[PDB]
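final-v5.cif, holding mmCIF, C-alpha atoms and all ligand atoms:
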```cif
data_my_file
#
loop_
_atom_site.group_PDB
_atom_site.id
_atom_site.type_symbol
_atom_site.label_atom_id
_atom_site.label_comp_id
_atom_site.auth_asym_id
_atom_site.auth_seq_id
_atom_site.Cartn_x
_atom_site.Cartn_y
_atom_site.Cartn_z
ATOM 1 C CA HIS A 6 -35.168 14.141 -46.124
ATOM 2 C CA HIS A 7 -32.427 13.604 -48.805
ATOM 3 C CA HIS A 8 -30.441 11.099 -46.776
ATOM 4 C CA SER A 9 -32.993 8.358 -46.311
ATOM 5 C CA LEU A 10 -33.795 8.680 -50.015
ATOM 6 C CA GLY A 11 -30.197 8.617 -51.307
ATOM 7 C CA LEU A 12 -29.404 5.515 -49.230
ATOM 8 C CA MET A 13 -32.240 3.680 -50.843
ATOM 9 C CA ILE A 14 -30.779 4.441 -54.299
ATOM 10 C CA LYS A 15 -27.315 3.351 -53.215
ATOM 11 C CA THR A 16 -28.741 0.182 -51.607
ATOM 12 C CA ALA A 17 -31.303 -0.699 -54.281
ATOM 13 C CA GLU A 18 -28.728 -1.639 -56.933
ATOM 14 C CA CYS A 19 -30.926 -0.589 -59.845
ATOM 15 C CA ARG A 20 -31.112 -1.966 -63.387
ATOM 16 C CA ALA A 21 -32.406 -0.468 -66.634
ATOM 17 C CA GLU A 22 -35.029 -3.228 -66.785
ATOM 18 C CA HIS A 23 -36.511 -3.061 -63.234
ATOM 19 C CA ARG A 24 -40.058 -2.309 -62.168
ATOM 20 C CA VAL A 25 -40.479 -0.455 -58.771
ATOM 21 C CA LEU A 26 -43.402 -0.193 -56.367
ATOM 22 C CA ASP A 27 -43.516 2.640 -53.797
ATOM 23 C CA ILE A 28 -46.003 1.984 -50.979
ATOM 24 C CA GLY A 29 -47.513 4.853 -48.971
ATOM 25 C CA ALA A 30 -45.916 6.937 -51.717
ATOM 26 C CA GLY A 31 -47.224 10.352 -50.620
ATOM 27 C CA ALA A 32 -46.394 13.427 -52.680
ATOM 28 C CA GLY A 33 -44.374 10.656 -54.355
ATOM 29 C CA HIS A 34 -40.829 11.647 -53.618
ATOM 30 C CA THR A 35 -39.305 8.206 -53.463
ATOM 31 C CA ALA A 36 -41.177 7.159 -56.568
ATOM 32 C CA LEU A 37 -39.621 9.990 -58.510
ATOM 33 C CA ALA A 38 -36.105 9.628 -57.103
ATOM 34 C CA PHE A 39 -35.885 6.145 -58.521
ATOM 35 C CA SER A 40 -37.320 6.991 -61.890
ATOM 36 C CA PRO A 41 -34.163 7.825 -63.867
ATOM 37 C CA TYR A 42 -32.603 4.459 -63.005
ATOM 38 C CA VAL A 43 -35.405 1.884 -63.473
ATOM 39 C CA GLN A 44 -37.992 1.139 -66.194
ATOM 40 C CA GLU A 45 -41.176 1.932 -64.349
ATOM 41 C CA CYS A 46 -42.271 3.108 -60.934
ATOM 42 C CA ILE A 47 -45.742 2.493 -59.684
ATOM 43 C CA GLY A 48 -46.838 4.063 -56.427
ATOM 44 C CA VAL A 49 -49.804 3.499 -54.157
ATOM 45 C CA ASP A 50 -51.214 5.729 -51.494
ATOM 46 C CA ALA A 51 -54.481 5.431 -49.609
ATOM 47 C CA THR A 52 -55.716 9.019 -49.859
ATOM 48 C CA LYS A 53 -56.881 10.080 -53.366
ATOM 49 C CA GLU A 54 -55.856 13.644 -52.647
ATOM 50 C CA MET A 55 -52.294 12.285 -52.488
ATOM 51 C CA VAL A 56 -52.457 10.365 -55.745
ATOM 52 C CA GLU A 57 -53.204 13.663 -57.518
ATOM 53 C CA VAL A 58 -50.501 15.653 -55.803
ATOM 54 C CA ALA A 59 -48.128 12.865 -56.689
ATOM 55 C CA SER A 60 -49.190 12.588 -60.335
ATOM 56 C CA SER A 61 -49.273 16.290 -61.153
ATOM 57 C CA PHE A 62 -45.910 16.743 -59.384
ATOM 58 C CA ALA A 63 -44.634 13.940 -61.629
ATOM 59 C CA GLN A 64 -45.947 15.961 -64.583
ATOM 60 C CA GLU A 65 -44.453 19.163 -63.221
ATOM 61 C CA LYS A 66 -41.017 17.428 -63.232
ATOM 62 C CA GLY A 67 -42.011 15.874 -66.571
ATOM 63 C CA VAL A 68 -41.136 12.229 -65.924
ATOM 64 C CA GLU A 69 -42.945 9.726 -68.173
ATOM 65 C CA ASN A 70 -42.184 6.468 -66.319
ATOM 66 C CA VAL A 71 -43.672 6.941 -62.845
ATOM 67 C CA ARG A 72 -47.412 6.694 -62.187
ATOM 68 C CA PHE A 73 -49.463 6.923 -58.992
ATOM 69 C CA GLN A 74 -52.656 5.271 -57.949
ATOM 70 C CA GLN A 75 -54.869 4.771 -54.942
ATOM 71 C CA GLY A 76 -54.797 1.741 -52.712
ATOM 72 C CA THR A 77 -53.681 0.346 -49.338
ATOM 73 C CA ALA A 78 -50.601 -1.748 -48.376
ATOM 74 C CA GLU A 79 -52.749 -4.371 -46.599
ATOM 75 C CA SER A 80 -54.370 -5.181 -49.972
ATOM 76 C CA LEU A 81 -52.196 -4.455 -53.013
ATOM 77 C CA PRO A 82 -53.872 -4.999 -56.354
ATOM 78 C CA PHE A 83 -50.815 -6.320 -58.048
ATOM 79 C CA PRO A 84 -49.952 -9.947 -58.910
ATOM 80 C CA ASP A 85 -47.531 -12.200 -57.060
ATOM 81 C CA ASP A 86 -43.856 -12.002 -57.926
ATOM 82 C CA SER A 87 -44.182 -8.808 -59.961
ATOM 83 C CA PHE A 88 -41.606 -6.246 -58.656
ATOM 84 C CA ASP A 89 -37.811 -6.168 -58.502
ATOM 85 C CA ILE A 90 -37.822 -3.444 -55.837
ATOM 86 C CA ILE A 91 -40.314 -2.138 -53.310
ATOM 87 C CA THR A 92 -39.805 1.078 -51.450
ATOM 88 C CA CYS A 93 -41.640 2.027 -48.269
ATOM 89 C CA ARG A 94 -40.566 5.280 -46.580
ATOM 90 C CA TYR A 95 -41.816 6.844 -43.306
ATOM 91 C CA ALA A 96 -45.217 5.361 -44.170
ATOM 92 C CA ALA A 97 -45.409 2.102 -42.187
ATOM 93 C CA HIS A 98 -46.210 3.740 -38.838
ATOM 94 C CA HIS A 99 -49.426 4.771 -40.554
ATOM 95 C CA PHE A 100 -50.544 1.386 -41.788
ATOM 96 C CA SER A 101 -53.488 -0.041 -39.880
ATOM 97 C CA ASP A 102 -52.140 -3.613 -40.207
ATOM 98 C CA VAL A 103 -48.378 -3.663 -40.709
ATOM 99 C CA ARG A 104 -48.367 -7.461 -40.337
ATOM 100 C CA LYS A 105 -50.516 -7.870 -43.479
ATOM 101 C CA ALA A 106 -48.604 -5.171 -45.411
ATOM 102 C CA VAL A 107 -45.380 -7.128 -45.021
ATOM 103 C CA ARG A 108 -47.196 -10.219 -46.171
ATOM 104 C CA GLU A 109 -48.337 -8.394 -49.249
ATOM 105 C CA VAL A 110 -44.899 -6.914 -49.843
ATOM 106 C CA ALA A 111 -43.683 -10.498 -49.676
ATOM 107 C CA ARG A 112 -46.249 -11.703 -52.147
ATOM 108 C CA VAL A 113 -45.876 -9.122 -54.867
ATOM 109 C CA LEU A 114 -42.053 -8.946 -54.618
ATOM 110 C CA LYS A 115 -40.163 -11.268 -57.020
ATOM 111 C CA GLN A 116 -37.652 -13.867 -55.791
ATOM 112 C CA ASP A 117 -34.393 -12.228 -54.654
ATOM 113 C CA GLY A 118 -36.249 -8.959 -55.154
ATOM 114 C CA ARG A 119 -35.443 -6.278 -52.593
ATOM 115 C CA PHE A 120 -37.646 -4.461 -50.047
ATOM 116 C CA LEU A 121 -36.191 -1.101 -48.988
ATOM 117 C CA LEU A 122 -38.092 -0.092 -45.826
ATOM 118 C CA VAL A 123 -37.227 3.220 -44.170
ATOM 119 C CA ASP A 124 -38.936 4.367 -41.025
ATOM 120 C CA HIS A 125 -38.388 5.492 -37.442
ATOM 121 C CA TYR A 126 -38.850 2.821 -34.797
ATOM 122 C CA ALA A 127 -39.585 2.188 -31.147
ATOM 123 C CA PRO A 128 -36.668 1.097 -28.966
ATOM 124 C CA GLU A 129 -36.822 -2.408 -27.511
ATOM 125 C CA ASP A 130 -37.678 -1.138 -24.040
ATOM 126 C CA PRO A 131 -41.486 -0.981 -23.849
ATOM 127 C CA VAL A 132 -41.456 2.115 -21.685
ATOM 128 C CA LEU A 133 -39.296 3.988 -24.149
ATOM 129 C CA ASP A 134 -41.541 2.353 -26.727
ATOM 130 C CA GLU A 135 -44.738 4.000 -25.429
ATOM 131 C CA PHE A 136 -42.913 7.243 -25.077
ATOM 132 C CA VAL A 137 -41.989 7.709 -28.692
ATOM 133 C CA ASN A 138 -45.260 6.269 -29.917
ATOM 134 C CA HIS A 139 -47.369 8.501 -27.665
ATOM 135 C CA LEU A 140 -45.312 11.588 -28.752
ATOM 136 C CA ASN A 141 -46.292 10.886 -32.351
ATOM 137 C CA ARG A 142 -49.999 9.966 -31.953
ATOM 138 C CA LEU A 143 -50.187 13.294 -30.117
ATOM 139 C CA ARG A 144 -48.523 15.196 -32.947
ATOM 140 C CA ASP A 145 -50.181 13.224 -35.790
ATOM 141 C CA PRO A 146 -53.566 11.601 -34.927
ATOM 142 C CA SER A 147 -53.039 9.416 -37.983
ATOM 143 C CA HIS A 148 -50.031 7.700 -36.381
ATOM 144 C CA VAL A 149 -50.808 4.017 -35.843
ATOM 145 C CA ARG A 150 -47.647 2.458 -34.459
ATOM 146 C CA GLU A 151 -43.919 2.475 -34.978
ATOM 147 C CA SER A 152 -43.003 -1.181 -34.487
ATOM 148 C CA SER A 153 -39.681 -2.238 -32.895
ATOM 149 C CA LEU A 154 -36.652 -3.818 -34.608
ATOM 150 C CA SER A 155 -37.345 -7.194 -33.001
ATOM 151 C CA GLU A 156 -40.840 -6.834 -34.433
ATOM 152 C CA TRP A 157 -39.542 -6.055 -37.923
ATOM 153 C CA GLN A 158 -37.229 -8.996 -37.882
ATOM 154 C CA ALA A 159 -39.963 -11.333 -36.656
ATOM 155 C CA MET A 160 -42.228 -10.126 -39.489
ATOM 156 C CA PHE A 161 -39.540 -10.466 -42.059
ATOM 157 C CA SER A 162 -38.656 -13.963 -40.914
ATOM 158 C CA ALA A 163 -42.331 -14.791 -40.813
ATOM 159 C CA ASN A 164 -42.519 -13.909 -44.544
ATOM 160 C CA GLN A 165 -39.386 -15.556 -46.010
ATOM 161 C CA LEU A 166 -37.652 -12.222 -45.944
ATOM 162 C CA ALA A 167 -33.987 -11.933 -45.221
ATOM 163 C CA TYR A 168 -33.526 -8.948 -42.929
ATOM 164 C CA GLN A 169 -30.531 -6.692 -43.048
ATOM 165 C CA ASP A 170 -30.155 -3.412 -41.205
ATOM 166 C CA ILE A 171 -28.314 -1.302 -43.771
ATOM 167 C CA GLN A 172 -27.850 1.659 -41.423
ATOM 168 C CA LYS A 173 -29.393 3.297 -38.315
ATOM 169 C CA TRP A 174 -29.185 7.034 -37.456
ATOM 170 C CA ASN A 175 -30.769 9.602 -35.219
ATOM 171 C CA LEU A 176 -33.437 11.790 -36.862
ATOM 172 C CA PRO A 177 -33.195 15.297 -35.505
ATOM 173 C CA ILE A 178 -36.436 17.051 -35.143
ATOM 174 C CA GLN A 179 -36.660 20.797 -34.495
ATOM 175 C CA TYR A 180 -39.622 20.795 -32.159
ATOM 176 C CA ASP A 181 -40.960 24.157 -33.211
ATOM 177 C CA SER A 182 -41.171 23.370 -36.860
ATOM 178 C CA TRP A 183 -42.256 19.778 -36.344
ATOM 179 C CA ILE A 184 -45.321 21.306 -34.590
ATOM 180 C CA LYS A 185 -46.106 23.727 -37.471
ATOM 181 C CA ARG A 186 -45.765 21.058 -40.158
ATOM 182 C CA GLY A 187 -48.019 18.759 -38.088
ATOM 183 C CA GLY A 188 -50.799 21.360 -37.606
ATOM 184 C CA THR A 189 -51.419 20.333 -33.990
ATOM 185 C CA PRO A 190 -53.711 22.388 -31.708
ATOM 186 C CA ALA A 191 -52.299 24.158 -28.625
ATOM 187 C CA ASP A 192 -54.291 21.707 -26.499
ATOM 188 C CA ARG A 193 -52.350 18.701 -27.797
ATOM 189 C CA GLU A 194 -49.175 20.766 -27.907
ATOM 190 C CA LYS A 195 -49.438 21.298 -24.154
ATOM 191 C CA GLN A 196 -49.609 17.493 -23.813
ATOM 192 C CA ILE A 197 -46.613 17.033 -26.081
ATOM 193 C CA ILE A 198 -44.712 19.597 -23.907
ATOM 194 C CA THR A 199 -45.641 17.937 -20.582
ATOM 195 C CA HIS A 200 -44.686 14.686 -22.178
ATOM 196 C CA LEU A 201 -41.193 15.915 -23.110
ATOM 197 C CA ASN A 202 -40.772 17.688 -19.702
ATOM 198 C CA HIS A 203 -41.496 14.579 -17.692
ATOM 199 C CA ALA A 204 -39.297 12.291 -19.801
ATOM 200 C CA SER A 205 -37.548 9.587 -17.776
ATOM 201 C CA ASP A 206 -33.832 10.025 -17.749
ATOM 202 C CA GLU A 207 -33.532 7.022 -20.051
ATOM 203 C CA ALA A 208 -36.080 8.780 -22.334
ATOM 204 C CA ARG A 209 -34.506 12.175 -22.558
ATOM 205 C CA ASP A 210 -31.290 10.233 -23.189
ATOM 206 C CA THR A 211 -32.562 7.966 -25.966
ATOM 207 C CA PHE A 212 -34.446 10.799 -27.743
ATOM 208 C CA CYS A 213 -32.073 13.733 -27.256
ATOM 209 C CA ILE A 214 -34.599 15.937 -25.585
ATOM 210 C CA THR A 215 -33.121 19.472 -25.558
ATOM 211 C CA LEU A 216 -35.415 22.071 -23.819
ATOM 212 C CA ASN A 217 -35.462 25.862 -23.167
ATOM 213 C CA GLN A 218 -35.156 26.587 -19.456
ATOM 214 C CA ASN A 219 -38.856 27.548 -19.327
ATOM 215 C CA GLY A 220 -39.850 23.956 -20.167
ATOM 216 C CA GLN A 221 -40.304 24.983 -23.808
ATOM 217 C CA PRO A 222 -38.928 22.273 -26.105
ATOM 218 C CA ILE A 223 -36.141 23.090 -28.554
ATOM 219 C CA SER A 224 -35.524 19.650 -30.055
ATOM 220 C CA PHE A 225 -35.385 15.817 -29.990
ATOM 221 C CA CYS A 226 -34.549 12.738 -32.113
ATOM 222 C CA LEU A 227 -36.353 9.889 -33.650
ATOM 223 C CA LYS A 228 -34.572 6.621 -34.375
ATOM 224 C CA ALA A 229 -34.407 6.191 -38.138
ATOM 225 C CA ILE A 230 -33.180 3.096 -39.927
ATOM 226 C CA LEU A 231 -33.024 1.516 -43.319
ATOM 227 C CA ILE A 232 -33.861 -2.156 -43.280
ATOM 228 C CA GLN A 233 -33.441 -4.061 -46.467
ATOM 229 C CA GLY A 234 -35.238 -7.333 -47.033
ATOM 230 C CA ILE A 235 -34.654 -9.965 -49.688
ATOM 231 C CA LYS A 236 -37.213 -12.551 -50.713
ATOM 232 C CA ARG A 237 -35.746 -15.998 -50.221
ATOM 233 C CA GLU A 238 -37.622 -19.195 -49.335
ATOM 234 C CA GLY A 239 -39.419 -21.285 -46.710
HETATM 235 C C1 LIG B 1 -46.194 10.618 -44.290
HETATM 236 S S1 LIG B 1 -46.507 9.928 -45.950
HETATM 237 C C2 LIG B 1 -44.853 9.248 -46.263
HETATM 238 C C3 LIG B 1 -43.986 10.074 -47.211
HETATM 239 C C4 LIG B 1 -43.843 9.467 -48.600
HETATM 240 N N1 LIG B 1 -44.082 7.999 -48.589
HETATM 241 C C5 LIG B 1 -42.460 9.757 -49.176
HETATM 242 O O1 LIG B 1 -41.668 8.836 -49.387
HETATM 243 O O2 LIG B 1 -42.112 10.911 -49.470
HETATM 244 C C6 LIG B 1 -47.448 8.515 -45.383
HETATM 245 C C7 LIG B 1 -48.371 8.104 -46.494
HETATM 246 O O3 LIG B 1 -49.033 6.922 -46.144
HETATM 247 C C8 LIG B 1 -50.277 6.933 -46.754
HETATM 248 N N2 LIG B 1 -50.982 5.831 -46.080
HETATM 249 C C9 LIG B 1 -51.537 5.768 -44.835
HETATM 250 N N3 LIG B 1 -52.034 4.512 -44.669
HETATM 251 C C10 LIG B 1 -51.791 3.771 -45.761
HETATM 252 C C11 LIG B 1 -52.059 2.450 -46.128
HETATM 253 N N4 LIG B 1 -52.710 1.592 -45.333
HETATM 254 N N5 LIG B 1 -51.646 2.000 -47.359
HETATM 255 C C12 LIG B 1 -50.972 2.821 -48.224
HETATM 256 N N6 LIG B 1 -50.710 4.117 -47.857
HETATM 257 C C13 LIG B 1 -51.117 4.589 -46.651
HETATM 258 C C14 LIG B 1 -50.731 8.374 -46.592
HETATM 259 O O4 LIG B 1 -51.646 8.819 -47.558
HETATM 260 C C15 LIG B 1 -49.437 9.140 -46.755
HETATM 261 O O5 LIG B 1 -49.236 9.666 -48.049
#
```
Output the file's structure as structure tokens, nothing else.
Ligand SMILES: C[S@@+](CC[C@H](N)C(=O)[O-])C[C@H]1O[C@@H](n2cnc3c(N)ncnc32)[C@H](O)[C@@H]1O
Amino acid sequence: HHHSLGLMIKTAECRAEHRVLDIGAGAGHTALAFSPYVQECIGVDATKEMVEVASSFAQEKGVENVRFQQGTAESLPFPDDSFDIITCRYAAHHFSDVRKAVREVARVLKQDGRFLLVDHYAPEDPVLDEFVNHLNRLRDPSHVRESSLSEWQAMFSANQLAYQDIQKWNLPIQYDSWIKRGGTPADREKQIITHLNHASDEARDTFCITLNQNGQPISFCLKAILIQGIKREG
């Protein structure tokens, strides 16, 4: 995943003196990437098991200035106007209330502070929408929703956040490995496979469905993007 991550560093326009907050931080890859360039990274993740991974991994790469902690995006501990940068990467489709999360991002971000949000997203067409969302709840039962770009813009505007699409790009997925990494049972996998085999034309177009002649999926694409948001006023 080095591309999404590099873009954020290019787009973030770091400063020696900045403080960074990585939300849904995971094994903490974003949080570490930033570390050489900013003062301090803080990262939150909901699962405690992930805080530990993150924090030991930090230690393993011996970086002093990043630290992880447990919490949720819908309720960040931190004070208002207390970060220059916030990163959120392939985590939002997991939040149980993305509306609130943005509101919190808004709160805790400083004025003219930047929100670098990377994720994949539903196309505007609701039918294509369901398609890509249903393909992912099937793979990952923890998948809440990948909101659409209209939706992201409406949320940004709703929170005095100035929306800019830095760059889109298709996310190739190699079906076979995607399944492994995701741990899915062969029950669900059969539903995934039916799903991909009965794709509308529009669907197998928009998501690059490539299949073995036996119906067995080779590959497809998610729609990745990097929105950047900047806290202005209302
Ligand atoms: C798939 S990981 C994303 C990868 C990671 N953020 C990175 O940049 O490398 C999604 C993360 O979201 C966390 N998560 C799920 N719901 C959350 C929530 N409501 N608030 C904060 N984190 C959440 C999970 O623990 C998980 O680590």
> Exactly which residues make up the result of the PyMOL selection byres (((chain A and resi 110-121) around 6) and not hetatm) on this file, given as a PyMOL selection string?
Replying inline: chain A and resi 84-92+107-109+122+233-237
> Taking the file as shown, what set of residues would the PyMOL selection byres (((chain A and resi 73) around 10) and not hetatm) give back, as a PyMOL selection string?
Replying inline: chain A and resi 26-27+30-33+36+46-50+53+55-61+63+71-72+74-76
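Comparing A:17, A:79, A:12, A:24 by their smallest distance to ligand LIG 1 (chain B), the closest is A:79 (using only C-alpha atoms and all ligand atoms).
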>> Could you list, as a PyMOL selection string, every residue matched by the PyMOL selection byres (((chain A and resi 173) around 10) and not hetatm) in this structure?
In response: chain A and resi 123-125+170-172+174-176+228-232
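Comparing A:129, A:145, A:134, A:65 by their smallest distance to ligand LIG 1 (chain B), the closest is A:145 (using only C-alpha atoms and all ligand atoms).
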> Of the residues A:43, A:220, A:34, A:82, which is the one nearest to residue 66 of chain A, using only C-alpha atoms?
Replying inline: A:34
>> Can you measure atom CA of residue 156 of chain A to atom CA of residue 169 of chain A for me? One decimal in Å is fine.
In response: 13.4 Å
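Atom pair atom CA of residue 217 of chain A / atom CA of residue 179 of chain A: separated by 12.5 Å.
Among the candidates A:16, A:147, A:164, A:152, the residue lying nearest to residue 105 of chain A is A:164 (atoms considered: all atoms listed in the file).
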>> For a test of reading the model, state the distance in Å between atom CA of residue 9 of chain A and atom CA of residue 205 of chain A, rounded to one decimal.
In response: 28.9 Å
Draw an axis-aligned box over all listed atoms of ligand LIG 1 (chain B), pad each side with 6 Å, and write its centre and edge lengths in Å, one decimal, as AutoDock Vina command-line options.
```
--center_x -47.2 --center_y 6.3 --center_z -46.9 --size_x 23.0 --size_y 21.3 --size_z 17.2
```
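Nearest residue to ligand LIG 1 (chain B), choosing from A:19, A:167, A:137, A:78 and counting all atoms listed in the file: A:78.
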